[PDB]
Amino acid sequence: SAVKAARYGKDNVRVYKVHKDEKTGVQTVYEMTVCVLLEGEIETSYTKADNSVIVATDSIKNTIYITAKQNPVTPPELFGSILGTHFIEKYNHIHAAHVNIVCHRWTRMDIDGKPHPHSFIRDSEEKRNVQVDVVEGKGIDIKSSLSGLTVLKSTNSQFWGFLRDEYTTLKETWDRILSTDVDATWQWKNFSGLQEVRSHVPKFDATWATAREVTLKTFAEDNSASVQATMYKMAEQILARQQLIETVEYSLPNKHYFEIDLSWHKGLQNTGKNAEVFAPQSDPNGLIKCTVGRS
Amino acid sequence: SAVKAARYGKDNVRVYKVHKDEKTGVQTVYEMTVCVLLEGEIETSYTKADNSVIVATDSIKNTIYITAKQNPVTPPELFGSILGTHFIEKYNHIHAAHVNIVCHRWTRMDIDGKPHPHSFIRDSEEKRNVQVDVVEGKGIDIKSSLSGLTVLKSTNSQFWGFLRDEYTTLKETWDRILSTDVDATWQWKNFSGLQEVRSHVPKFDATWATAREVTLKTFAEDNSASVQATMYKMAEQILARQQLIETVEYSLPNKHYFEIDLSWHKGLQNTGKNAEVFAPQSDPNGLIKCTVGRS
Amino acid sequence: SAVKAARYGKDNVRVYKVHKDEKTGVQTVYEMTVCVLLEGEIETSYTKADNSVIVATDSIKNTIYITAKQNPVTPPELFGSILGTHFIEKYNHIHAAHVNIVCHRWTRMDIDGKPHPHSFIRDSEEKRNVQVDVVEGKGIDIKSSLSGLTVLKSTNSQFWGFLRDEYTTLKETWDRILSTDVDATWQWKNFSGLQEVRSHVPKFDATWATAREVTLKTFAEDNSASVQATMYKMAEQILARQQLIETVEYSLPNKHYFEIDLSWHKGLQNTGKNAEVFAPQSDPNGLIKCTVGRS
Amino acid sequence: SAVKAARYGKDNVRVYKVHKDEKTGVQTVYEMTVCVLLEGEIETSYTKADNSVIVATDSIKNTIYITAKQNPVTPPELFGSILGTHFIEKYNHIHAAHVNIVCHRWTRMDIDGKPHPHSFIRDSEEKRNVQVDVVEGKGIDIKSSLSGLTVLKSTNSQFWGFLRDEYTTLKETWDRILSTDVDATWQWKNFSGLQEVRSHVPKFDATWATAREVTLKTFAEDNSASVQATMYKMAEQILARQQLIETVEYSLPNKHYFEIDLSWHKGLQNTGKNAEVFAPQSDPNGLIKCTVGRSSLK
Ligand SMILES: Nc1nc2[nH]cnc2c(=O)[nH]1
Ligand SMILES: Nc1nc2[nH]cnc2c(=O)[nH]1
Ligand SMILES: Nc1nc2[nH]cnc2c(=O)[nH]1
Ligand SMILES: Nc1nc2[nH]cnc2c(=O)[nH]1
């Protein structure tokens, strides 16, 4: 046998960092879950039980804290690159680092129409993630995204003209409920090193806000008959507003709402134009994926 | 042996309702999970295997759907009362109905700084619930609540002066993080019947908004060395602002954030006054409860 | 206002203990999640923010570990009584201690047809729990239970004879799938103190086994048209076999499996006597409860 | 801009099938969750909102049910093949079918020392899965695995001799607790088509049982200084017991049990040789992976 591939590291490392302003007295908090996986000349740890090439995962957890203490944790795209570079630079035998970061929401509270200096609320289970691959000699690869974004539109969505055969029973519709969770991922053009990443810092937070805004707006305004076409319009706008992006990827898990026919009960009308009460379905669910690039 | 208590019904009944305004064309959606358990002279289903006294759980389901279609599903406190009343009025042997409703958040999307007519977002995992108890010849008991409200304050929270013995290792503190999930419940005075509940409708949504605002404010502004003291303050205000309320119950699971001593590494200062990076703890967690009533 | 009720303590405290047999060298492991809530003269901590009467929840945690170290953690009924007793006896202003324990399975591995001395496998997600209420001058109250026991019988289950009205659409059946999670609890007669509990120790593990065996046996053998009737028989046998038990309580959340009509496709027969493929339903579900006592 | 990649289908389709032996009266049940994703000339559905090329997800669901009714659902490897094949063979514009199947346990109950004819128990949250990729003109690729296998050994596990530096605080140990959730996947050699998969049907259940056995036994008996070394040995044996296997992948999440120092309480000894009470840690956790293949050395 032979080791064709190997990674290892620490997962689920929860980190919280606070920023205090001595002047204004305002405080800002950052909470995220980090995962670091290493690659390199560690083959013997598997084949010869040689631990000498092993940087303890516990030490990888230590490095994460230490790094967050000496560096800025925002934007996550930067912090990830810093954390990733450290490993391939500090350890001669390590040649790849894979960093995953999940950012939780801690939105500043508004008390009496005013932003509180030190109170926060988790206003959503929506996440801002980044997957940064740092490979020796090959620069830095970044993949930004947002997930856990749940949306619904009560009308202005249709579905007809689809293939029909001996396996179809679905009835075409010109009005229906469209609900889904949004997983959007934008891949940045390869970066040569930390210095290049550092120089584009301003673009990160901006592009994210751009991705979020485009998604919501397009979703809300688009009177579709093809979820596929809807997400394609979403990817176009993103690619157009940010030149540094190489590809945009969407993954929309459809959430179905069934009509309930109650006519059997005193001629109760609750279908088609009279549909008012629906039964949300936990499963199954449609899944539509999409990767869009430049011509 | 003998049956001392029995209940049965349908759980996890997902429901969705949409209200359309022909005039403006603005739509509104409601989604919730309903549970209905029944009580009465049904012992024989257990003892003699007699089903004749059993109202099918599938029919309880049908009923929930029908009820929603024929009535207003908001406020929940009202809808719950109607649904519970239905069973004791339609069945001779049914003497009590216990309805549990969980309302999910579908916040209206703001596009271009203007509310969208038919697009929604799940802006939180926070819920608004109700527990209605309809008992023949004893009125309707209603318990309202809000849960899943997660907050954190980076300062202005202390803890000192607590009991100290041979089992204590916790050091006193005058500045720490305070994070928790909020579970607040207010119990209304017993209503005589559907009519009376219908007469106080406007107080349900208002009392809920009030309970929410007081919790958020008190938490944010109170600088106490006692989570206990803070929650009592919240209950006080709620009881003072709504006379129709008998008791207010709070249950706060204290989520801890530990200081990370990094001194062992090049004398890095990250404790006490220099504490910037913390480690969130998934478990365990303090749990503080409290039921406040009137003198 | 006035404090009607108050509790507080530590929750989700994970504990693991290993017992090494000094003769054979065989190791047995125990793992469980503990929760401890205290009651007593602590009102002032809420009304006057007086922390002097507060035993830190951190100390509560510490006490759990220490107690586990100096005492046997099995059976959980004993360990819960020891832990509960400690708090009311060590603190004068503490009058009640509510201990909840969840036991996780760590089944010994059989390797090559022989029990391994120190390797375990988490076979089920089924738990064994205990709730122990230790109240000063009122003895020790113990509620044992098993939960998370999932079973299914493809046949020998019926449902017909139930009530039928204008809300009924369900067809009666004489063959159907019965699946459900099992939640069984057995209340022990009130115990005077730790001394009494200790003397009845051998009865705890035994009865749990009995409850589990009866539940499984009855469910599999009973050919009934009433779940309610099946659970009652379960309760009966448990009360007959153990006199120290006062009441048995079952809570069965049904899991439905619908037939799938496939006649629209080449007249495929998949209903009634030809039903082979079914569609498991996540929700909603029927919930049947029952508390049985002695005449 | 342009469409680089595109898939779509039905996810989380729960299925239950029962087999009744009219002779013996013994019934056997099967439950699984299926996911089917399709690929092909469907770019227009994105670029020009053309649903004409779209096979409704609802119809994909119906198809799973029909296929389940007309064919065996065991072993999963076979069923996934039968299902993926159907799509590329029935739709000219559909070129690839990605089928994911999760198998839920329903173990027959033993009552009074004998197996019950129609009663089962969910004796574990452990699962048996398969990922089948049917591509037009490329054959059938199969990835079988087992997951959710949680194990723990209270001793006979060590960790010393690792790299130490200014970021290191961990102390060396010669006796510790080793617990982990096992995730094992074995890739089969490419199959030309359905007929070839059918011929090998018997190897599927046999290899699954071998992988599970090898995993448990090795975990139990190995006294290794590294989880890496222990998972390598497991892969070795599996590759050695089945020649149709090309690679074996292992993903082990080391769950930690920390010692608790109680000496601050009357000098109570609870560390090292005296350790009895441990604190299980929910997070974070170590994560070790590795893909083992066949050597080129003769
Ligand atoms: N087995 C094992 N234990 C560890 N503990 C900390 N790091 C490691 C590692 O790489 N392997
Ligand atoms: N066994 C059983 N099946 C049901 N199906 C619908 N309602 C019921 C009920 O009360 N018991
Ligand atoms: N606020 C608060 N913090 C604690 N930390 C430890 N115990 C307690 C308690 O009772 N209240
Ligand atoms: N939008 C949309 N709705 C569907 N409903 C069933 N299949 C589909 C699909 O592919 N797209």
# chains A, B, ... in the order shown; residues from 1 in each chain; ligands from 1
>>> closest_atom_pairs(of="chain C", to="ligand 2", cutoff="6 Å", atoms="only C-alpha atoms and all ligand atoms", output="JSON lines")
{"residue": "C:159", "atom": "CA", "partner": "ligand 2", "partner_atom_place_in_ligand_line": "3 (N)", "distance": 5.9}
{"residue": "C:226", "atom": "CA", "partner": "ligand 2", "partner_atom_place_in_ligand_line": "1 (N)", "distance": 4.7}
{"residue": "C:227", "atom": "CA", "partner": "ligand 2", "partner_atom_place_in_ligand_line": "1 (N)", "distance": 4.2}
>>> write_last_selection(atoms="N, CA and C atoms", output="PDB file, in the first residue's frame")
ATOM      1  N   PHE C 159     -55.709  -0.361  12.849  1.00  0.00           N
ATOM      2  CA  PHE C 159     -56.415   0.820  13.286  1.00  0.00           C
ATOM      3  C   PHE C 159     -57.754   0.947  12.566  1.00  0.00           C
ATOM      4  N   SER C 226     -54.813  -0.908  18.891  1.00  0.00           N
ATOM      5  CA  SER C 226     -54.754   0.262  19.760  1.00  0.00           C
ATOM      6  C   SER C 226     -53.389   0.405  20.466  1.00  0.00           C
ATOM      7  N   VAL C 227     -52.618   1.409  20.060  1.00  0.00           N
ATOM      8  CA  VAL C 227     -51.319   1.668  20.668  1.00  0.00           C
ATOM      9  C   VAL C 227     -51.524   1.860  22.154  1.00  0.00           C
TER      10      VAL C 227
END
>>> interface_residues(of="chain A", to="chain B", cutoff="7 Å", atoms="only C-alpha atoms", output="VMD selection string")
chain A and resid 14 to 18 65 68 to 69 111 118 to 125 150 to 155 217 220 276 to 280
>>> write_last_selection(atoms="N, CA, C and O atoms", output="CSV table (one decimal), in the first residue's frame")
chain,number,residue,atom,x,y,z
A,14,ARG,N,-13.4,27.3,18.6
A,14,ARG,CA,-14.2,28.6,18.8
A,14,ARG,C,-13.4,29.7,19.3
A,14,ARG,O,-12.6,29.5,20.2
A,15,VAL,N,-13.5,30.9,18.6
A,15,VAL,CA,-12.7,32.0,19.0
A,15,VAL,C,-13.5,33.3,19.1
A,15,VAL,O,-14.3,33.5,18.2
A,16,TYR,N,-13.3,34.1,20.2
A,16,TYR,CA,-14.0,35.3,20.3
A,16,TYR,C,-13.0,36.4,20.6
A,16,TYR,O,-12.0,36.2,21.3
A,17,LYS,N,-13.1,37.5,19.9
A,17,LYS,CA,-12.2,38.6,20.1
A,17,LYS,C,-12.9,39.9,20.3
A,17,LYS,O,-13.9,40.2,19.6
A,18,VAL,N,-12.5,40.8,21.2
A,18,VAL,CA,-13.1,42.0,21.4
A,18,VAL,C,-12.2,43.2,21.1
A,18,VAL,O,-11.0,43.1,21.2
A,65,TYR,N,-5.1,30.8,18.7
A,65,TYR,CA,-5.4,31.8,19.7
A,65,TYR,C,-4.3,32.9,19.6
A,65,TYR,O,-4.6,34.1,19.6
A,68,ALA,N,-4.8,35.2,16.7
A,68,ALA,CA,-5.9,36.1,16.9
A,68,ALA,C,-5.5,37.2,17.8
A,68,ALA,O,-6.2,38.3,17.8
A,69,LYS,N,-4.6,37.0,18.7
A,69,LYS,CA,-4.2,37.9,19.7
A,69,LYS,C,-3.3,39.0,19.1
A,69,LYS,O,-3.3,40.2,19.5
A,111,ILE,N,-30.8,50.5,21.3
A,111,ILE,CA,-31.7,50.8,22.4
A,111,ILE,C,-32.2,52.2,22.4
A,111,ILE,O,-31.4,53.2,22.5
A,118,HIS,N,-21.9,48.4,23.8
A,118,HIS,CA,-21.4,47.1,24.1
A,118,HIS,C,-22.4,46.0,24.3
A,118,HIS,O,-22.2,45.0,25.0
A,119,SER,N,-23.6,46.0,23.7
A,119,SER,CA,-24.6,45.0,23.7
A,119,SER,C,-24.8,44.4,22.3
A,119,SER,O,-24.9,45.2,21.4
A,120,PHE,N,-24.9,43.1,22.2
A,120,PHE,CA,-25.1,42.5,20.9
A,120,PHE,C,-26.2,41.4,20.9
A,120,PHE,O,-26.6,40.9,21.9
A,121,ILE,N,-26.7,41.1,19.7
A,121,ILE,CA,-27.7,40.1,19.5
A,121,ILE,C,-27.4,39.3,18.3
A,121,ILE,O,-26.9,39.7,17.3
A,122,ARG,N,-27.8,38.0,18.4
A,122,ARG,CA,-27.6,37.1,17.2
A,122,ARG,C,-28.8,37.2,16.4
A,122,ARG,O,-29.8,36.5,16.6
A,123,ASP,N,-28.8,38.2,15.5
A,123,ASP,CA,-29.9,38.5,14.6
A,123,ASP,C,-30.2,37.5,13.5
A,123,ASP,O,-31.0,37.7,12.7
A,124,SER,N,-29.4,36.4,13.5
A,124,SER,CA,-29.6,35.4,12.4
A,124,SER,C,-28.6,34.2,12.4
A,124,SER,O,-27.5,34.4,12.9
A,125,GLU,N,-29.1,33.1,11.9
A,125,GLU,CA,-28.2,31.9,11.9
A,125,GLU,C,-27.4,31.9,10.6
A,125,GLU,O,-26.8,30.8,10.2
A,150,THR,N,-32.1,32.1,4.7
A,150,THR,CA,-33.4,31.6,4.4
A,150,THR,C,-34.4,32.7,3.9
A,150,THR,O,-34.6,33.6,4.6
A,151,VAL,N,-34.9,32.5,2.7
A,151,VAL,CA,-35.9,33.4,2.1
A,151,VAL,C,-37.1,32.8,1.6
A,151,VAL,O,-37.1,31.6,1.3
A,152,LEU,N,-38.2,33.6,1.4
A,152,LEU,CA,-39.4,33.1,0.9
A,152,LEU,C,-40.2,34.3,0.2
A,152,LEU,O,-40.2,35.4,0.8
A,153,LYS,N,-40.8,33.9,-0.9
A,153,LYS,CA,-41.7,34.9,-1.6
A,153,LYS,C,-43.0,34.2,-1.8
A,153,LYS,O,-43.1,33.0,-2.3
A,154,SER,N,-44.1,34.8,-1.4
A,154,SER,CA,-45.4,34.3,-1.4
A,154,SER,C,-46.1,34.2,-2.8
A,154,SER,O,-47.1,33.5,-2.9
A,155,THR,N,-45.6,34.9,-3.7
A,155,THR,CA,-46.1,34.9,-5.0
A,155,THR,C,-45.1,35.4,-6.0
A,155,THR,O,-44.0,35.8,-5.6
A,217,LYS,N,-32.1,41.2,-3.6
A,217,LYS,CA,-32.8,42.0,-4.6
A,217,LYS,C,-33.3,41.2,-5.8
A,217,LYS,O,-34.4,41.3,-6.2
A,220,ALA,N,-36.1,38.8,-4.7
A,220,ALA,CA,-37.4,39.5,-4.4
A,220,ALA,C,-38.1,40.0,-5.7
A,220,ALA,O,-39.3,39.9,-5.9
A,276,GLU,N,-55.0,29.4,0.6
A,276,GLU,CA,-54.6,30.3,1.7
A,276,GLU,C,-53.7,29.6,2.7
A,276,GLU,O,-52.7,30.1,3.2
A,277,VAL,N,-54.2,28.4,3.1
A,277,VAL,CA,-53.5,27.6,4.0
A,277,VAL,C,-52.6,26.5,3.3
A,277,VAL,O,-53.2,25.8,2.4
A,278,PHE,N,-51.3,26.4,3.6
A,278,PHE,CA,-50.5,25.5,3.0
A,278,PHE,C,-49.8,24.6,4.0
A,278,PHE,O,-49.7,25.0,5.2
A,279,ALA,N,-49.2,23.5,3.6
A,279,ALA,CA,-48.5,22.6,4.5
A,279,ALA,C,-47.1,22.5,4.1
A,279,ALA,O,-46.7,21.9,3.1
A,280,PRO,N,-46.2,23.1,4.9
A,280,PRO,CA,-44.8,23.1,4.7
A,280,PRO,C,-44.3,21.7,4.7
A,280,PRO,O,-44.6,21.0,5.6
>>> residues_near_ligand(ligand="ligand 1", cutoff="6 Å", atoms="only C-alpha atoms and all ligand atoms", output="JSON, numbers by chain")
{"A": [54, 56, 57, 58], "D": [226, 227]}
>>> residues_near_ligand(ligand="ligand 4", cutoff="8 Å", atoms="only C-alpha atoms and all ligand atoms", output="short mmCIF file (atom, residue, chain, number, x, y, z; two decimals) with N, CA and C atoms, in the first residue's frame")
data_model
loop_
_atom_site.label_atom_id
_atom_site.label_comp_id
_atom_site.auth_asym_id
_atom_site.auth_seq_id
_atom_site.Cartn_x
_atom_site.Cartn_y
_atom_site.Cartn_z
N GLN A 158 -43.24 30.95 -10.86
CA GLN A 158 -43.99 29.98 -11.63
C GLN A 158 -43.13 28.81 -12.03
N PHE A 159 -43.78 27.79 -12.58
CA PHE A 159 -43.09 26.60 -13.04
C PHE A 159 -43.94 25.79 -14.02
N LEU A 170 -46.71 16.17 -11.61
CA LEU A 170 -46.70 17.58 -11.22
C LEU A 170 -47.50 18.42 -12.21
N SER A 224 -39.90 34.71 -11.81
CA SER A 224 -39.35 33.56 -12.52
C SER A 224 -40.29 32.40 -12.87
N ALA A 225 -39.73 31.43 -13.59
CA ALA A 225 -40.40 30.21 -13.98
C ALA A 225 -39.26 29.22 -14.03
N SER A 226 -38.07 29.72 -13.68
CA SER A 226 -36.85 28.92 -13.64
C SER A 226 -35.92 29.43 -12.53
N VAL A 227 -35.81 28.67 -11.43
CA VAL A 227 -34.93 29.04 -10.31
C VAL A 227 -33.50 29.12 -10.83
N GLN A 228 -33.22 28.28 -11.83
CA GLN A 228 -31.91 28.23 -12.47
C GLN A 228 -31.59 29.59 -13.12
N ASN A 254 -34.43 23.86 -2.41
CA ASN A 254 -35.85 24.24 -2.41
C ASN A 254 -36.64 23.71 -1.24
N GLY A 286 -36.08 19.93 -3.45
CA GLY A 286 -35.34 20.11 -4.68
C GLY A 286 -33.98 20.71 -4.35
N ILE A 288 -30.78 22.64 -6.45
CA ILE A 288 -30.26 23.17 -7.71
C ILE A 288 -28.93 23.84 -7.49
N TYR D 8 -28.66 19.43 -10.54
CA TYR D 8 -29.94 19.65 -9.90
C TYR D 8 -30.65 18.31 -9.78
N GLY D 9 -31.48 18.18 -8.75
CA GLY D 9 -32.21 16.94 -8.53
C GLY D 9 -33.04 17.03 -7.25
N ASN D 51 -37.34 25.61 -19.56
CA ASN D 51 -37.69 24.43 -18.76
C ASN D 51 -37.92 23.19 -19.59
N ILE D 54 -35.70 20.55 -18.65
CA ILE D 54 -35.76 20.18 -17.24
C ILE D 54 -36.70 19.04 -16.91
N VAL D 55 -36.15 17.99 -16.32
CA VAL D 55 -36.95 16.88 -15.84
C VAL D 55 -37.29 17.27 -14.40
N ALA D 56 -38.57 17.53 -14.14
CA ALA D 56 -39.02 17.96 -12.81
C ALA D 56 -38.46 17.15 -11.64
N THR D 57 -38.05 17.85 -10.58
CA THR D 57 -37.52 17.20 -9.39
C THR D 57 -38.58 16.27 -8.81
N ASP D 58 -39.84 16.69 -8.91
CA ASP D 58 -40.94 15.88 -8.42
C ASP D 58 -40.96 14.56 -9.16
N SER D 59 -40.68 14.61 -10.46
CA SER D 59 -40.66 13.42 -11.29
C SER D 59 -39.47 12.54 -10.93
#
>>> atom_distance(atom1="atom CA of residue C:160", atom2="atom CA of residue C:222")
16.1 Å
>>> select_by_dssp(residues="stretch 159-202 of chain C", states="helix (DSSP H, G or I)", output="NGL selection string")
:C and (194-199 or 201-202)
>>> calpha_fit_rmsd(fixed="chain C", moving="chain B")
0.2 Å
>>> interface_residues(of="chain D", to="chain B", cutoff="7 Å", atoms="only C-alpha atoms", output="compact mmCIF listing (two decimals) with N, CA, C and O atoms, in the first residue's frame")
# COMPACT_ATOMS: atom_id res chain seq x y z
N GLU D 166 7.93 26.61 20.64
CA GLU D 166 7.34 27.69 21.42
C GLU D 166 5.83 27.83 21.34
O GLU D 166 5.25 28.72 21.96
N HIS D 265 -8.41 20.51 46.18
CA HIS D 265 -9.41 20.11 47.15
C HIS D 265 -8.88 19.06 48.10
O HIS D 265 -9.14 17.87 47.94
N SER D 282 -16.50 18.79 24.32
CA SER D 282 -17.32 18.87 23.12
C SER D 282 -16.53 19.44 21.92
O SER D 282 -16.75 19.05 20.78
>>> residues_around(residues="residue D:239", least_positions_apart="4", cutoff="9 Å", atoms="only C-alpha atoms", output="PDB file with N, CA and C atoms, in the first residue's frame")
ATOM      1  N   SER A   1       0.804  -1.207   0.000  1.00  0.00           N
ATOM      2  CA  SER A   1       0.000   0.000   0.000  1.00  0.00           C
ATOM      3  C   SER A   1       0.847   1.272   0.000  1.00  0.00           C
TER       4      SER A   1
ATOM      5  N   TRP D 186     -14.447   3.258   0.833  1.00  0.00           N
ATOM      6  CA  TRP D 186     -13.638   2.450  -0.060  1.00  0.00           C
ATOM      7  C   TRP D 186     -14.113   2.597  -1.497  1.00  0.00           C
ATOM      8  N   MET D 234      -5.460  -0.169   9.259  1.00  0.00           N
ATOM      9  CA  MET D 234      -6.815  -0.571   8.897  1.00  0.00           C
ATOM     10  C   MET D 234      -6.960  -0.585   7.375  1.00  0.00           C
ATOM     11  N   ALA D 235      -6.501   0.489   6.732  1.00  0.00           N
ATOM     12  CA  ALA D 235      -6.566   0.606   5.280  1.00  0.00           C
ATOM     13  C   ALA D 235      -5.788  -0.520   4.605  1.00  0.00           C
ATOM     14  N   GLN D 243      -9.513  -7.186  -3.828  1.00  0.00           N
ATOM     15  CA  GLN D 243      -8.757  -6.703  -4.979  1.00  0.00           C
ATOM     16  C   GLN D 243      -9.479  -5.689  -5.888  1.00  0.00           C
ATOM     17  N   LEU D 244     -10.808  -5.624  -5.785  1.00  0.00           N
ATOM     18  CA  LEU D 244     -11.618  -4.684  -6.588  1.00  0.00           C
ATOM     19  C   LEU D 244     -11.595  -3.284  -5.978  1.00  0.00           C
ATOM     20  N   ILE D 245     -10.913  -3.152  -4.852  1.00  0.00           N
ATOM     21  CA  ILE D 245     -10.829  -1.889  -4.155  1.00  0.00           C
ATOM     22  C   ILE D 245      -9.577  -1.191  -4.615  1.00  0.00           C
ATOM     23  N   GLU D 246      -9.705   0.066  -5.002  1.00  0.00           N
ATOM     24  CA  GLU D 246      -8.556   0.811  -5.454  1.00  0.00           C
ATOM     25  C   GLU D 246      -7.953   1.635  -4.330  1.00  0.00           C
ATOM     26  N   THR D 247      -8.805   2.327  -3.575  1.00  0.00           N
ATOM     27  CA  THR D 247      -8.331   3.150  -2.459  1.00  0.00           C
ATOM     28  C   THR D 247      -9.257   3.110  -1.249  1.00  0.00           C
ATOM     29  N   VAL D 248      -8.688   3.328  -0.074  1.00  0.00           N
ATOM     30  CA  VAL D 248      -9.463   3.366   1.146  1.00  0.00           C
ATOM     31  C   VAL D 248      -9.174   4.681   1.830  1.00  0.00           C
ATOM     32  N   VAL D 292      -5.291   5.787   1.295  1.00  0.00           N
ATOM     33  CA  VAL D 292      -4.318   4.729   1.073  1.00  0.00           C
ATOM     34  C   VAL D 292      -4.626   3.982  -0.211  1.00  0.00           C
ATOM     35  N   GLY D 293      -3.629   3.842  -1.076  1.00  0.00           N
ATOM     36  CA  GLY D 293      -3.816   3.136  -2.338  1.00  0.00           C
ATOM     37  C   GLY D 293      -2.826   1.989  -2.461  1.00  0.00           C
ATOM     38  N   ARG D 294      -2.722   1.418  -3.660  1.00  0.00           N
ATOM     39  CA  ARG D 294      -1.786   0.317  -3.884  1.00  0.00           C
ATOM     40  C   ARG D 294      -0.410   0.806  -4.352  1.00  0.00           C
TER      41      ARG D 294
END
>>> residues_around(residues="residue D:161", least_positions_apart="6", cutoff="12 Å", atoms="only C-alpha atoms", output="ChimeraX atom specification")
/A:45,49-56 /D:170-174,225-226
>>> atom_distance(atom1="atom CA of residue D:16", atom2="atom CA of residue D:30")
5.6 Å
>>> residues_around(residues="residue A:195", least_positions_apart="6", cutoff="12 Å", atoms="only C-alpha atoms", output="NGL selection string")
:A and (78 or 81-82 or 85 or 139-140 or 201)
>>> select_by_dssp(residues="stretch 144-215 of chain C", states="strand (DSSP E or B)", output="ChimeraX atom specification")
/C:144-153,157,159,173,178-188,191
>>> write_last_selection(atoms="C-alpha atoms", output="PDB file, in the first residue's frame")
ATOM      1  CA  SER C 144     -36.118   6.537  36.510  1.00  0.00           C
ATOM      2  CA  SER C 145     -36.641   6.257  32.783  1.00  0.00           C
ATOM      3  CA  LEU C 146     -35.371   5.039  29.464  1.00  0.00           C
ATOM      4  CA  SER C 147     -35.667   7.135  26.323  1.00  0.00           C
ATOM      5  CA  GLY C 148     -34.598   7.258  22.712  1.00  0.00           C
ATOM      6  CA  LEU C 149     -35.613   3.641  22.109  1.00  0.00           C
ATOM      7  CA  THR C 150     -36.746   3.419  18.480  1.00  0.00           C
ATOM      8  CA  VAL C 151     -38.696   0.397  17.256  1.00  0.00           C
ATOM      9  CA  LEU C 152     -40.776  -0.718  14.291  1.00  0.00           C
ATOM     10  CA  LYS C 153     -43.003  -3.657  13.392  1.00  0.00           C
ATOM     11  CA  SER C 157     -50.874  -3.659  13.935  1.00  0.00           C
ATOM     12  CA  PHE C 159     -56.415   0.820  13.286  1.00  0.00           C
ATOM     13  CA  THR C 173     -57.036  -0.525   8.267  1.00  0.00           C
ATOM     14  CA  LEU C 178     -46.167   0.651  13.622  1.00  0.00           C
ATOM     15  CA  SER C 179     -43.077   2.709  14.457  1.00  0.00           C
ATOM     16  CA  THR C 180     -42.383   4.867  17.489  1.00  0.00           C
ATOM     17  CA  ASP C 181     -39.804   6.304  19.831  1.00  0.00           C
ATOM     18  CA  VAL C 182     -40.177   5.087  23.410  1.00  0.00           C
ATOM     19  CA  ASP C 183     -40.101   7.197  26.539  1.00  0.00           C
ATOM     20  CA  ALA C 184     -40.801   5.171  29.687  1.00  0.00           C
ATOM     21  CA  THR C 185     -40.606   6.475  33.231  1.00  0.00           C
ATOM     22  CA  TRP C 186     -41.124   4.731  36.548  1.00  0.00           C
ATOM     23  CA  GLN C 187     -41.608   6.611  39.788  1.00  0.00           C
ATOM     24  CA  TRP C 188     -40.189   5.034  42.914  1.00  0.00           C
ATOM     25  CA  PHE C 191     -37.363   7.276  50.111  1.00  0.00           C
TER      26      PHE C 191
END
>>> atom_distance(atom1="atom CA of residue D:258", atom2="atom CA of residue D:281")
7.1 Å
>>> residues_around(residues="residue A:134", least_positions_apart="3", cutoff="10 Å", atoms="only C-alpha atoms", output="list in words")
residues 38, 80, 81, 82, 83, 84, 85, 86, 87, 88, 95, 96, 97, 98, 99, 131, 137, 138, 139, 140, 141, 142, 191, 192, 193 and 194 of chain A
>>> decode(residues="stretch 80-84 of chain B", atoms="N, CA and C atoms", output="PDB file, in the first residue's frame")
ATOM      1  N   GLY B  80     -55.139  29.828  19.259  1.00  0.00           N
ATOM      2  CA  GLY B  80     -55.006  28.689  20.158  1.00  0.00           C
ATOM      3  C   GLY B  80     -56.293  28.461  20.921  1.00  0.00           C
ATOM      4  N   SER B  81     -56.886  29.549  21.399  1.00  0.00           N
ATOM      5  CA  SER B  81     -58.142  29.483  22.151  1.00  0.00           C
ATOM      6  C   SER B  81     -59.284  28.916  21.320  1.00  0.00           C
ATOM      7  N   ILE B  82     -59.393  29.386  20.093  1.00  0.00           N
ATOM      8  CA  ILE B  82     -60.432  28.927  19.200  1.00  0.00           C
ATOM      9  C   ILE B  82     -60.271  27.435  18.943  1.00  0.00           C
ATOM     10  N   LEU B  83     -59.054  27.028  18.599  1.00  0.00           N
ATOM     11  CA  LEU B  83     -58.759  25.629  18.307  1.00  0.00           C
ATOM     12  C   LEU B  83     -59.041  24.707  19.491  1.00  0.00           C
ATOM     13  N   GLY B  84     -58.676  25.150  20.690  1.00  0.00           N
ATOM     14  CA  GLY B  84     -58.881  24.346  21.890  1.00  0.00           C
ATOM     15  C   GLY B  84     -60.355  24.255  22.256  1.00  0.00           C
TER      16      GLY B  84
END
